[PDB]
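S.K.: This is work.json (JSON, C-alpha atoms and all ligand atoms).
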[["chain", "number", "residue", "atom", "x", "y", "z"],
["A", 3, "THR", "CA", 108.18, -9.29, 13.85],
["A", 4, "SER", "CA", 105.40, -7.21, 12.34],
["A", 5, "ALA", "CA", 102.56, -8.88, 10.39],
["A", 6, "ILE", "CA", 101.81, -5.80, 8.27],
["A", 7, "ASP", "CA", 104.40, -4.24, 5.94],
["A", 8, "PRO", "CA", 104.52, -0.42, 5.87],
["A", 9, "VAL", "CA", 103.37, 1.56, 2.82],
["A", 10, "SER", "CA", 105.41, 4.74, 2.33],
["A", 11, "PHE", "CA", 103.54, 8.03, 2.42],
["A", 12, "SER", "CA", 106.10, 9.19, -0.22],
["A", 13, "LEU", "CA", 103.85, 7.32, -2.69],
["A", 14, "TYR", "CA", 100.92, 9.67, -1.98],
["A", 15, "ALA", "CA", 102.59, 12.27, -4.28],
["A", 16, "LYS", "CA", 104.91, 9.99, -6.27],
["A", 17, "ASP", "CA", 102.44, 7.27, -7.29],
["A", 18, "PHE", "CA", 99.03, 7.79, -5.75],
["A", 19, "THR", "CA", 97.48, 4.88, -7.69],
["A", 20, "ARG", "CA", 99.93, 2.47, -6.06],
["A", 21, "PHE", "CA", 99.52, 4.17, -2.64],
["A", 22, "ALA", "CA", 95.75, 3.65, -2.73],
["A", 23, "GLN", "CA", 96.04, 0.01, -3.89],
["A", 24, "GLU", "CA", 98.65, -1.00, -1.26],
["A", 25, "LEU", "CA", 96.98, 0.81, 1.63],
["A", 26, "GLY", "CA", 93.51, -0.33, 0.57],
["A", 27, "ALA", "CA", 94.52, -3.94, 0.20],
["A", 28, "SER", "CA", 95.94, -3.89, 3.71],
["A", 29, "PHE", "CA", 92.76, -2.40, 5.20],
["A", 30, "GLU", "CA", 90.60, -4.92, 3.35],
["A", 31, "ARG", "CA", 92.71, -7.89, 4.56],
["A", 32, "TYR", "CA", 93.41, -6.89, 8.17],
["A", 33, "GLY", "CA", 91.32, -3.78, 8.96],
["A", 34, "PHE", "CA", 94.72, -2.11, 9.55],
["A", 35, "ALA", "CA", 97.53, -0.47, 7.58],
["A", 36, "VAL", "CA", 100.96, 0.84, 8.49],
["A", 37, "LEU", "CA", 102.04, 4.15, 6.95],
["A", 38, "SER", "CA", 105.75, 5.07, 6.93],
["A", 39, "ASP", "CA", 107.58, 8.28, 5.92],
["A", 40, "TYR", "CA", 104.84, 10.72, 7.07],
["A", 41, "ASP", "CA", 105.43, 14.41, 6.49],
["A", 42, "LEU", "CA", 104.20, 15.59, 9.90],
["A", 43, "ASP", "CA", 106.73, 17.82, 11.64],
["A", 44, "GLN", "CA", 108.30, 15.49, 14.24],
["A", 45, "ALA", "CA", 109.41, 18.33, 16.48],
["A", 46, "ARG", "CA", 105.78, 19.49, 16.76],
["A", 47, "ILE", "CA", 104.56, 15.89, 17.36],
["A", 48, "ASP", "CA", 107.22, 15.69, 20.10],
["A", 49, "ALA", "CA", 106.09, 19.04, 21.58],
["A", 50, "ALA", "CA", 102.52, 17.76, 21.84],
["A", 51, "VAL", "CA", 103.79, 14.58, 23.52],
["A", 52, "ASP", "CA", 105.92, 16.66, 25.89],
["A", 53, "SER", "CA", 102.88, 18.75, 26.84],
["A", 54, "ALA", "CA", 100.92, 15.54, 27.48],
["A", 55, "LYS", "CA", 103.74, 14.18, 29.67],
["A", 56, "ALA", "CA", 103.88, 17.50, 31.54],
["A", 57, "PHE", "CA", 100.14, 17.49, 32.12],
["A", 58, "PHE", "CA", 100.12, 13.93, 33.52],
["A", 59, "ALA", "CA", 103.08, 14.80, 35.79],
["A", 60, "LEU", "CA", 100.95, 17.45, 37.57],
["A", 61, "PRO", "CA", 99.58, 16.70, 41.08],
["A", 62, "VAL", "CA", 96.39, 14.58, 41.11],
["A", 63, "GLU", "CA", 94.25, 17.36, 42.56],
["A", 64, "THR", "CA", 95.46, 19.75, 39.87],
["A", 65, "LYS", "CA", 94.55, 17.22, 37.16],
["A", 66, "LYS", "CA", 91.13, 16.61, 38.76],
["A", 67, "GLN", "CA", 90.14, 20.23, 38.19],
["A", 68, "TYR", "CA", 89.56, 18.95, 34.64],
["A", 69, "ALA", "CA", 87.73, 15.73, 35.61],
["A", 70, "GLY", "CA", 84.00, 14.99, 35.52],
["A", 71, "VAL", "CA", 83.52, 16.99, 32.31],
["A", 72, "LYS", "CA", 80.82, 15.52, 30.06],
["A", 73, "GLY", "CA", 81.34, 12.00, 31.32],
["A", 74, "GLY", "CA", 85.01, 12.09, 30.40],
["A", 75, "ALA", "CA", 84.37, 13.00, 26.78],
["A", 76, "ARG", "CA", 86.38, 16.21, 27.31],
["A", 77, "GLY", "CA", 89.23, 16.80, 29.73],
["A", 78, "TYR", "CA", 90.71, 14.42, 32.26],
["A", 79, "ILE", "CA", 89.80, 10.89, 33.35],
["A", 80, "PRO", "CA", 91.60, 9.66, 36.47],
["A", 81, "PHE", "CA", 92.79, 6.21, 37.41],
["A", 82, "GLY", "CA", 89.87, 3.85, 38.06],
["A", 83, "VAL", "CA", 88.98, 0.22, 38.74],
["A", 84, "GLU", "CA", 87.50, -2.58, 36.60],
["A", 85, "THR", "CA", 85.02, -4.40, 38.89],
["A", 86, "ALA", "CA", 84.72, -7.56, 36.72],
["A", 87, "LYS", "CA", 86.20, -10.94, 37.70],
["A", 88, "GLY", "CA", 89.30, -11.88, 35.66],
["A", 89, "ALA", "CA", 90.37, -8.23, 35.54],
["A", 90, "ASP", "CA", 93.88, -7.50, 36.77],
["A", 91, "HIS", "CA", 94.06, -6.05, 40.28],
["A", 92, "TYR", "CA", 95.75, -2.99, 38.78],
["A", 93, "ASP", "CA", 94.85, -1.49, 35.41],
["A", 94, "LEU", "CA", 96.11, 2.02, 35.93],
["A", 95, "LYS", "CA", 95.78, 4.46, 33.06],
["A", 96, "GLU", "CA", 94.74, 8.09, 32.86],
["A", 97, "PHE", "CA", 93.31, 10.04, 29.91],
["A", 98, "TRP", "CA", 92.91, 13.48, 28.39],
["A", 99, "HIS", "CA", 90.37, 13.93, 25.60],
["A", 100, "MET", "CA", 90.28, 16.79, 23.14],
["A", 101, "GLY", "CA", 87.33, 17.15, 20.79],
["A", 102, "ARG", "CA", 86.81, 19.56, 17.89],
["A", 103, "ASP", "CA", 87.02, 23.30, 18.55],
["A", 104, "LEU", "CA", 83.94, 24.63, 16.78],
["A", 105, "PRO", "CA", 83.48, 28.20, 15.68],
["A", 106, "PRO", "CA", 81.03, 30.38, 17.57],
["A", 107, "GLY", "CA", 77.44, 29.63, 16.59],
["A", 108, "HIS", "CA", 78.19, 26.24, 15.00],
["A", 109, "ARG", "CA", 75.12, 23.98, 14.61],
["A", 110, "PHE", "CA", 76.94, 21.06, 16.32],
["A", 111, "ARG", "CA", 77.51, 22.92, 19.59],
["A", 112, "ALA", "CA", 74.23, 21.57, 21.04],
["A", 113, "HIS", "CA", 75.68, 18.03, 21.10],
["A", 114, "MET", "CA", 79.49, 18.57, 20.92],
["A", 115, "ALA", "CA", 80.88, 19.97, 24.11],
["A", 116, "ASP", "CA", 83.51, 22.69, 24.33],
["A", 117, "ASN", "CA", 87.10, 21.70, 25.10],
["A", 118, "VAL", "CA", 88.66, 22.47, 28.43],
["A", 119, "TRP", "CA", 92.38, 23.27, 28.80],
["A", 120, "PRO", "CA", 94.94, 22.96, 31.61],
["A", 121, "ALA", "CA", 96.12, 26.46, 32.59],
["A", 122, "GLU", "CA", 99.14, 24.94, 34.37],
["A", 123, "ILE", "CA", 100.73, 23.79, 31.08],
["A", 124, "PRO", "CA", 100.78, 27.01, 29.08],
["A", 125, "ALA", "CA", 101.87, 25.45, 25.76],
["A", 126, "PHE", "CA", 99.34, 22.56, 25.94],
["A", 127, "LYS", "CA", 96.44, 24.18, 24.03],
["A", 128, "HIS", "CA", 98.73, 25.20, 21.17],
["A", 129, "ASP", "CA", 100.87, 22.05, 20.96],
["A", 130, "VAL", "CA", 98.03, 19.53, 21.43],
["A", 131, "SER", "CA", 95.65, 21.42, 19.06],
["A", 132, "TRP", "CA", 98.38, 21.29, 16.38],
["A", 133, "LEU", "CA", 98.52, 17.51, 16.77],
["A", 134, "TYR", "CA", 94.71, 17.16, 16.55],
["A", 135, "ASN", "CA", 94.61, 19.07, 13.29],
["A", 136, "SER", "CA", 97.74, 17.43, 11.90],
["A", 137, "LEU", "CA", 96.38, 13.92, 12.46],
["A", 138, "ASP", "CA", 92.93, 15.00, 11.17],
["A", 139, "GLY", "CA", 94.69, 16.21, 8.00],
["A", 140, "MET", "CA", 96.67, 13.02, 7.52],
["A", 141, "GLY", "CA", 93.44, 11.08, 8.08],
["A", 142, "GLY", "CA", 91.93, 13.01, 5.18],
["A", 143, "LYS", "CA", 94.82, 11.95, 2.92],
["A", 144, "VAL", "CA", 94.43, 8.31, 3.99],
["A", 145, "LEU", "CA", 90.71, 8.59, 3.24],
["A", 146, "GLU", "CA", 91.57, 9.80, -0.27],
["A", 147, "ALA", "CA", 93.47, 6.56, -0.77],
["A", 148, "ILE", "CA", 90.56, 4.56, 0.68],
["A", 149, "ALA", "CA", 88.10, 6.37, -1.67],
["A", 150, "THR", "CA", 90.24, 5.57, -4.73],
["A", 151, "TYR", "CA", 90.62, 1.93, -3.59],
["A", 152, "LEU", "CA", 86.83, 1.71, -3.35],
["A", 153, "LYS", "CA", 86.54, 3.13, -6.92],
["A", 154, "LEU", "CA", 85.03, 6.35, -5.61],
["A", 155, "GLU", "CA", 85.91, 9.96, -6.43],
["A", 156, "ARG", "CA", 89.26, 10.73, -4.74],
["A", 157, "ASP", "CA", 87.64, 13.53, -2.70],
["A", 158, "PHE", "CA", 84.58, 11.43, -1.70],
["A", 159, "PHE", "CA", 85.23, 11.65, 2.01],
["A", 160, "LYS", "CA", 85.93, 15.40, 2.11],
["A", 161, "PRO", "CA", 82.38, 16.58, 3.01],
["A", 162, "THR", "CA", 81.78, 13.46, 5.11],
["A", 163, "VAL", "CA", 84.48, 14.32, 7.66],
["A", 164, "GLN", "CA", 84.18, 18.09, 7.70],
["A", 165, "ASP", "CA", 83.69, 19.25, 11.30],
["A", 166, "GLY", "CA", 83.73, 15.58, 12.27],
["A", 167, "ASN", "CA", 83.27, 14.67, 15.95],
["A", 168, "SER", "CA", 86.88, 13.52, 16.16],
["A", 169, "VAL", "CA", 88.82, 13.02, 19.38],
["A", 170, "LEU", "CA", 92.52, 13.21, 20.17],
["A", 171, "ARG", "CA", 93.16, 11.02, 23.20],
["A", 172, "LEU", "CA", 96.26, 11.42, 25.35],
["A", 173, "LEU", "CA", 96.83, 8.21, 27.38],
["A", 174, "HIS", "CA", 99.36, 7.47, 30.12],
["A", 175, "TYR", "CA", 100.16, 4.16, 31.79],
["A", 176, "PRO", "CA", 102.37, 4.79, 34.84],
["A", 177, "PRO", "CA", 104.96, 2.17, 35.56],
["A", 178, "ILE", "CA", 103.93, -0.29, 38.28],
["A", 179, "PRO", "CA", 106.54, -2.75, 39.72],
["A", 180, "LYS", "CA", 104.29, -5.73, 38.84],
["A", 181, "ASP", "CA", 103.43, -7.95, 35.83],
["A", 182, "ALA", "CA", 99.94, -7.94, 34.25],
["A", 183, "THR", "CA", 98.40, -11.14, 32.82],
["A", 186, "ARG", "CA", 97.49, -4.01, 28.71],
["A", 187, "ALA", "CA", 94.55, -2.88, 26.53],
["A", 188, "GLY", "CA", 91.69, -5.40, 26.43],
["A", 189, "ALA", "CA", 90.40, -6.58, 23.09],
["A", 190, "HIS", "CA", 88.08, -4.11, 21.33],
["A", 191, "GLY", "CA", 87.09, -2.56, 18.01],
["A", 192, "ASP", "CA", 86.72, 1.14, 17.25],
["A", 193, "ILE", "CA", 83.33, 2.73, 16.51],
["A", 194, "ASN", "CA", 84.52, 5.66, 14.40],
["A", 195, "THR", "CA", 85.70, 6.14, 10.79],
["A", 196, "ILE", "CA", 89.44, 5.56, 11.01],
["A", 197, "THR", "CA", 91.90, 5.75, 13.94],
["A", 198, "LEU", "CA", 95.49, 7.00, 13.52],
["A", 199, "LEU", "CA", 98.19, 5.90, 16.00],
["A", 200, "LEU", "CA", 101.66, 7.30, 16.32],
["A", 201, "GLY", "CA", 104.44, 5.64, 18.35],
["A", 202, "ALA", "CA", 103.39, 2.00, 18.15],
["A", 203, "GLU", "CA", 106.97, 0.72, 17.73],
["A", 204, "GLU", "CA", 107.56, -2.06, 20.32],
["A", 205, "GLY", "CA", 104.18, -1.17, 21.85],
["A", 206, "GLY", "CA", 102.53, -4.62, 21.91],
["A", 207, "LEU", "CA", 99.68, -3.86, 19.49],
["A", 208, "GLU", "CA", 98.05, -6.95, 18.05],
["A", 209, "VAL", "CA", 95.15, -7.50, 15.62],
["A", 210, "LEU", "CA", 92.88, -10.51, 15.71],
["A", 211, "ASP", "CA", 93.09, -12.27, 12.33],
["A", 212, "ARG", "CA", 90.13, -14.01, 10.68],
["A", 213, "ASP", "CA", 91.28, -17.41, 11.92],
["A", 214, "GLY", "CA", 91.49, -16.21, 15.55],
["A", 215, "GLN", "CA", 95.29, -15.80, 15.74],
["A", 216, "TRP", "CA", 96.69, -12.59, 17.24],
["A", 217, "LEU", "CA", 99.06, -10.88, 14.79],
["A", 218, "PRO", "CA", 101.68, -8.40, 16.03],
["A", 219, "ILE", "CA", 101.63, -4.89, 14.56],
["A", 220, "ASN", "CA", 105.12, -3.69, 15.40],
["A", 221, "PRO", "CA", 106.13, -0.91, 13.06],
["A", 222, "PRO", "CA", 109.43, 0.91, 12.83],
["A", 223, "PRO", "CA", 109.62, 4.39, 14.37],
["A", 224, "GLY", "CA", 108.10, 7.37, 12.51],
["A", 225, "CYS", "CA", 105.00, 5.52, 11.35],
["A", 226, "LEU", "CA", 101.24, 5.73, 11.76],
["A", 227, "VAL", "CA", 99.24, 2.57, 12.39],
["A", 228, "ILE", "CA", 95.77, 3.14, 10.97],
["A", 229, "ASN", "CA", 92.57, 1.08, 11.43],
["A", 230, "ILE", "CA", 89.07, 1.02, 10.00],
["A", 231, "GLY", "CA", 86.26, 1.77, 12.50],
["A", 232, "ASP", "CA", 82.67, 0.66, 12.58],
["A", 233, "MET", "CA", 81.27, 3.78, 10.78],
["A", 234, "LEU", "CA", 83.40, 3.10, 7.70],
["A", 235, "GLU", "CA", 82.80, -0.67, 7.94],
["A", 236, "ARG", "CA", 79.05, 0.07, 7.81],
["A", 237, "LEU", "CA", 79.36, 2.53, 4.91],
["A", 238, "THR", "CA", 81.22, -0.11, 2.83],
["A", 239, "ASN", "CA", 78.75, -2.94, 3.56],
["A", 240, "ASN", "CA", 81.59, -4.58, 5.50],
["A", 241, "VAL", "CA", 83.95, -4.66, 2.49],
["A", 242, "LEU", "CA", 86.45, -2.88, 4.76],
["A", 243, "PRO", "CA", 86.36, -4.63, 8.17],
["A", 244, "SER", "CA", 86.55, -2.95, 11.59],
["A", 245, "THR", "CA", 88.73, -5.46, 13.38],
["A", 246, "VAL", "CA", 89.40, -6.42, 16.99],
["A", 247, "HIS", "CA", 92.72, -5.43, 18.49],
["A", 248, "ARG", "CA", 94.53, -5.37, 21.82],
["A", 249, "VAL", "CA", 97.73, -4.27, 23.45],
["A", 250, "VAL", "CA", 99.72, -6.88, 25.36],
["A", 251, "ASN", "CA", 101.82, -6.06, 28.44],
["A", 252, "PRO", "CA", 105.44, -5.10, 27.80],
["A", 253, "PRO", "CA", 108.14, -7.71, 28.51],
["A", 254, "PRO", "CA", 110.05, -7.69, 31.84],
["A", 255, "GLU", "CA", 112.78, -5.41, 30.39],
["A", 256, "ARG", "CA", 110.32, -2.75, 29.17],
["A", 257, "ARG", "CA", 108.43, -2.86, 32.48],
["A", 258, "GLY", "CA", 109.39, 0.20, 34.56],
["A", 259, "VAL", "CA", 108.97, 2.54, 31.59],
["A", 260, "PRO", "CA", 105.90, 4.80, 31.52],
["A", 261, "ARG", "CA", 103.87, 4.46, 28.34],
["A", 262, "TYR", "CA", 102.17, 7.34, 26.55],
["A", 263, "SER", "CA", 99.99, 7.12, 23.48],
["A", 264, "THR", "CA", 98.11, 9.77, 21.49],
["A", 265, "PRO", "CA", 95.60, 8.06, 19.18],
["A", 266, "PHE", "CA", 93.33, 10.20, 16.98],
["A", 267, "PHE", "CA", 89.79, 8.86, 16.50],
["A", 268, "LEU", "CA", 88.58, 10.34, 13.23],
["A", 269, "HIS", "CA", 84.78, 10.54, 12.95],
["A", 270, "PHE", "CA", 82.35, 11.54, 10.26],
["A", 271, "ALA", "CA", 80.33, 14.76, 10.57],
["A", 272, "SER", "CA", 77.46, 14.26, 13.03],
["A", 273, "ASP", "CA", 74.84, 14.97, 10.38],
["A", 274, "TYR", "CA", 76.42, 12.78, 7.67],
["A", 275, "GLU", "CA", 73.93, 10.13, 6.55],
["A", 276, "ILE", "CA", 75.66, 6.78, 6.31],
["A", 277, "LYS", "CA", 73.99, 5.05, 3.38],
["A", 278, "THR", "CA", 75.49, 1.86, 1.97],
["A", 279, "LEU", "CA", 77.82, 2.38, -0.99],
["A", 280, "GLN", "CA", 76.00, 0.84, -3.92],
["A", 281, "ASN", "CA", 79.22, -0.56, -5.39],
["A", 282, "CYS", "CA", 79.64, -2.52, -2.14],
["A", 283, "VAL", "CA", 76.20, -4.12, -2.60],
["A", 284, "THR", "CA", 76.27, -7.25, -4.78],
["A", 285, "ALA", "CA", 74.49, -10.58, -5.19],
["A", 286, "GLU", "CA", 77.06, -12.23, -2.90],
["A", 287, "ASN", "CA", 77.15, -9.34, -0.43],
["A", 288, "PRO", "CA", 73.62, -7.95, -0.15],
["A", 289, "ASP", "CA", 72.94, -4.70, 1.67],
["A", 290, "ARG", "CA", 73.26, -5.34, 5.42],
["A", 291, "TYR", "CA", 72.02, -1.82, 6.19],
["A", 292, "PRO", "CA", 68.75, -1.15, 4.35],
["A", 293, "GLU", "CA", 67.94, 1.65, 6.83],
["A", 294, "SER", "CA", 70.47, 4.48, 6.68],
["A", 295, "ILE", "CA", 71.63, 6.30, 9.83],
["A", 296, "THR", "CA", 73.40, 9.56, 10.64],
["A", 297, "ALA", "CA", 76.91, 9.28, 12.07],
["A", 298, "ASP", "CA", 75.71, 10.80, 15.33],
["A", 299, "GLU", "CA", 72.72, 8.40, 15.56],
["A", 300, "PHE", "CA", 75.16, 5.51, 14.98],
["A", 301, "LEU", "CA", 77.56, 6.91, 17.57],
["A", 302, "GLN", "CA", 74.83, 7.14, 20.15],
["A", 303, "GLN", "CA", 73.61, 3.61, 19.30],
["A", 304, "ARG", "CA", 77.10, 2.04, 19.59],
["A", 305, "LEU", "CA", 77.70, 3.78, 22.91],
["A", 306, "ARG", "CA", 74.35, 2.41, 24.18],
["A", 307, "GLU", "CA", 75.37, -1.12, 23.03],
["A", 308, "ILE", "CA", 78.90, -0.89, 24.46],
["A", 309, "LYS", "CA", 77.31, 0.15, 27.79],
["B", 1, "CL", "CL", 77.27, 25.58, 11.39]]
Spell out the structure here as structure tokens.
M.R.:
Amino acid sequence: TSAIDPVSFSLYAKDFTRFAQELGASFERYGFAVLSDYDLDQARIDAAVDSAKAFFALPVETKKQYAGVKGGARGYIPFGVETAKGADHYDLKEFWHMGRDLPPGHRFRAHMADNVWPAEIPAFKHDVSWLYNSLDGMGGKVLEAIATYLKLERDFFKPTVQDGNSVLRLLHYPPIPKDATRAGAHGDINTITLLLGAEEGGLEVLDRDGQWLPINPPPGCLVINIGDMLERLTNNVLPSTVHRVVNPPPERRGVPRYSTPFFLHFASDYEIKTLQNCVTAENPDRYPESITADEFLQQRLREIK
């Protein structure tokens, strides 16, 4: 079962007022929403996924040409080990990260590193860049709904996410002939995160009462969650919630898993200052000192580490 009912993207054009209410209410309750009937070209989503699969199928030494770049913030991250007690013996996953391609001379280049690209997969730059920009665009439309839900101007978020420090992650879990007991519990630090392909993927959100709720959408949906930047902007009216991915069942073991989440971030220089309509007698301002998105990013990374 899924704990969160999908809201059709068809409502974005047909009845935007209802779209914003239903999506917003879901974010406010759970920190998550499920969006069905997206208009993204599925063949081009599938092409990006195929390029990811092709990249991860390359020899290890070929992949490692793209490792050690900016601490893994761009390019490839190989299989590694969790040294902590209680960690599974094997937690094998490999990553590719794509950040924003900035124009020459852009003011953010001093702190946002250039992308690297795998020459061995000729279509990768094109196919994967399309997916980055497609998910960034859909994120903008979701943010319109969030803005309206919050009784803001519909285009409120537009300048706030322009040239945002967003990351498309390509993630692969190879099949291992062994049971775990997948993604340890965490929250996201960014604005919103958009996840394709979560059907029968084991995603769960921690509810307020400490129960884990399955988020198991039908195919052709996006699962979207609030991150800490947006939680902070809204004086915690919209919560950034803890989620995990459980191991597949015995039957689904043996299948490789790929995921391509898009972590949408505010512009680095955007000052996060508490929305005054989220500051009330019962919910006083938790953030009297404002902070830029990049300052907040750096702080959360320091605290995570
Ligand atoms: Cl600039």
S.K.: Which residue out of A:284, A:164, A:229, A:263 has the minimum interatomic distance to ligand CL 1 (chain B) when all atoms listed in the file are used?
M.R.: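 Closest to ligand CL 1 (chain B), using all atoms listed in the file: A:164.
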S.K.: What does the list of residues within 12 Å of ligand CL 1 (chain B) look like if you count only C-alpha atoms and all ligand atoms, written as a PyMOL selection string?
M.R.: chain A and resi 104-112+164-166+271-273
S.K.: Name the closest residue to residue 31 (chain A) among the candidates A:124, A:243, A:253, A:258; distances are taken between atoms, counting only C-alpha atoms.
M.R.: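 When distances to residue 31 (chain A) are compared using only C-alpha atoms, the smallest one comes from A:243.
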S.K.: If I take CA of residue 62 (chain A) and CA of residue 129 (chain A), how far is one from the other in Å, to one decimal?
M.R.: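 Interatomic distance, CA of residue 62 (chain A) to CA of residue 129 (chain A): 22.0 Å.
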S.K.: Mind running region 116-206 of chain A against region 4-26 of chain A at 7 Å and telling me each contacting residue's nearest atom pair with the distance in Å (one decimal), counting all atoms listed in the file, chain and number ascending, as CSV?
M.R.:
residue,atom,partner,partner_atom,distance
A:147,CA,A:22,CA,4.2
A:148,CA,A:26,CA,5.7
A:150,CA,A:22,CA,6.2
A:151,CA,A:22,CA,5.5
S.K.: Given the selection you just returned, output its residues as a file containing C-alpha atoms, formatted as a PDB file, keeping the file's coordinate frame.
M.R.:
ATOM      1  CA  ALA A 147      93.470   6.560  -0.770  1.00  0.00           C
ATOM      2  CA  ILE A 148      90.560   4.560   0.680  1.00  0.00           C
ATOM      3  CA  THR A 150      90.240   5.570  -4.730  1.00  0.00           C
ATOM      4  CA  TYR A 151      90.620   1.930  -3.590  1.00  0.00           C
TER       5      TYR A 151
END
S.K.: Can you pull out the residues contacting residue 218 (chain A)? Cut-off 12 Å, using all atoms listed in the file, and skip same-chain residues under 3 positions away; I want them as a PyMOL selection string.
M.R.: chain A and resi 3-7+32+34+36+202-211+215+221+227+247-250
S.K.: Identify which of the residues A:144, A:54, A:45, A:193 lies closest to residue 122 (chain A), counting all atoms listed in the file when measuring atom-to-atom distances.
M.R.: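 Of A:144, A:54, A:45, A:193, the one nearest residue 122 (chain A), counting all atoms listed in the file, is A:54.
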S.K.: With all atoms listed in the file as the basis for distance, which of A:187, A:301, A:199, A:283 is at the shortest distance from residue 37 (chain A)?
M.R.: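 Of the candidates, the smallest distance to residue 37 (chain A) is held by A:199.
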S.K.: Using Å and a single decimal, report how far CA of residue 245 (chain A) sits from CA of residue 157 (chain A).
M.R.: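 Interatomic distance, CA of residue 157 (chain A) to CA of residue 245 (chain A): 24.9 Å.
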S.K.: Restricting the calculation to all atoms listed in the file: of A:68, A:216, A:132, A:300, which residue gets closest to residue 47 (chain A)?
M.R.: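 Among the listed residues, the smallest separation from residue 47 (chain A) belongs to A:132.
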S.K.: So the first atom is CA of residue 281 (chain A) and the second is CA of residue 234 (chain A); what is the distance between them in Å, to one decimal place?
M.R.: 14.2 Å
S.K.: I'd like the neighbourhood of residue 269 (chain A) as a compact mmCIF listing (two decimals) with C-alpha atoms, in the frame of the given file, where a residue qualifies if any of its atoms comes within 7 Å (using all atoms listed in the file), though same-chain residues fewer than 5 positions away should be ignored.
M.R.:
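After the write, result31.txt holds the following:
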# COMPACT_ATOMS: atom_id res chain seq x y z
CA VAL A 163 84.48 14.32 7.66
CA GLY A 166 83.73 15.58 12.27
CA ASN A 167 83.27 14.67 15.95
CA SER A 168 86.88 13.52 16.16
CA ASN A 194 84.52 5.66 14.40
CA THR A 195 85.70 6.14 10.79
S.K.: Identify the residues within 12 Å of coordinate (105.4, 5.2, 27.4) (same frame as the file), considering only C-alpha atoms, and give the answer as a PyMOL selection string.
M.R.: chain A and resi 51-52+54-55+58+95+172-177+200-206+251-252+256-264
S.K.: Rank nothing, just name the residue among A:119, A:81, A:40, A:291 nearest to residue 238 (chain A), using all atoms listed in the file.
M.R.: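 Comparing A:119, A:81, A:40, A:291 against residue 238 (chain A), the winner is A:291.
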S.K.: Could you extract region 295-305 of chain A of the given structure into a file holding N, CA, C and O atoms, as an mmCIF file, in the first residue's frame?
M.R.:
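Output below, filename out.cif:
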data_model
loop_
_atom_site.group_PDB
_atom_site.id
_atom_site.type_symbol
_atom_site.label_atom_id
_atom_site.label_comp_id
_atom_site.auth_asym_id
_atom_site.auth_seq_id
_atom_site.Cartn_x
_atom_site.Cartn_y
_atom_site.Cartn_z
ATOM 1 N N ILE A 295 20.098 33.967 6.593
ATOM 2 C CA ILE A 295 21.287 33.230 6.137
ATOM 3 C C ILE A 295 21.172 33.038 4.644
ATOM 4 O O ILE A 295 20.060 32.858 4.144
ATOM 5 N N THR A 296 22.279 33.116 3.901
ATOM 6 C CA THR A 296 22.188 32.817 2.475
ATOM 7 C C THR A 296 22.054 31.307 2.298
ATOM 8 O O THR A 296 22.490 30.536 3.151
ATOM 9 N N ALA A 297 21.504 30.882 1.168
ATOM 10 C CA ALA A 297 21.390 29.449 0.902
ATOM 11 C C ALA A 297 22.763 28.786 0.935
ATOM 12 O O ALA A 297 22.937 27.675 1.490
ATOM 13 N N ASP A 298 23.795 29.449 0.393
ATOM 14 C CA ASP A 298 25.101 28.814 0.384
ATOM 15 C C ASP A 298 25.696 28.725 1.792
ATOM 16 O O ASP A 298 26.356 27.721 2.117
ATOM 17 N N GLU A 299 25.504 29.745 2.615
ATOM 18 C CA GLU A 299 25.943 29.727 4.015
ATOM 19 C C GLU A 299 25.286 28.552 4.754
ATOM 20 O O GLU A 299 25.915 27.861 5.551
ATOM 21 N N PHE A 300 23.996 28.391 4.509
ATOM 22 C CA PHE A 300 23.196 27.318 5.141
ATOM 23 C C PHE A 300 23.671 25.951 4.662
ATOM 24 O O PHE A 300 23.822 25.033 5.469
ATOM 25 N N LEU A 301 23.939 25.848 3.355
ATOM 26 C CA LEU A 301 24.479 24.629 2.777
ATOM 27 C C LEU A 301 25.770 24.269 3.449
ATOM 28 O O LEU A 301 25.953 23.119 3.885
ATOM 29 N N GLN A 302 26.687 25.222 3.546
ATOM 30 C CA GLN A 302 27.972 24.941 4.148
ATOM 31 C C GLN A 302 27.810 24.534 5.610
ATOM 32 O O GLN A 302 28.501 23.609 6.075
ATOM 33 N N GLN A 303 26.928 25.222 6.328
ATOM 34 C CA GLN A 303 26.663 24.907 7.742
ATOM 35 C C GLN A 303 26.112 23.479 7.885
ATOM 36 O O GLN A 303 26.597 22.713 8.711
ATOM 37 N N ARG A 304 25.112 23.100 7.086
ATOM 38 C CA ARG A 304 24.523 21.759 7.226
ATOM 39 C C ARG A 304 25.536 20.661 6.901
ATOM 40 O O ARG A 304 25.498 19.584 7.527
ATOM 41 N N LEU A 305 26.416 20.918 5.939
ATOM 42 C CA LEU A 305 27.434 19.952 5.564
ATOM 43 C C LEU A 305 28.437 19.814 6.714
ATOM 44 O O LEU A 305 28.895 18.700 6.989
#
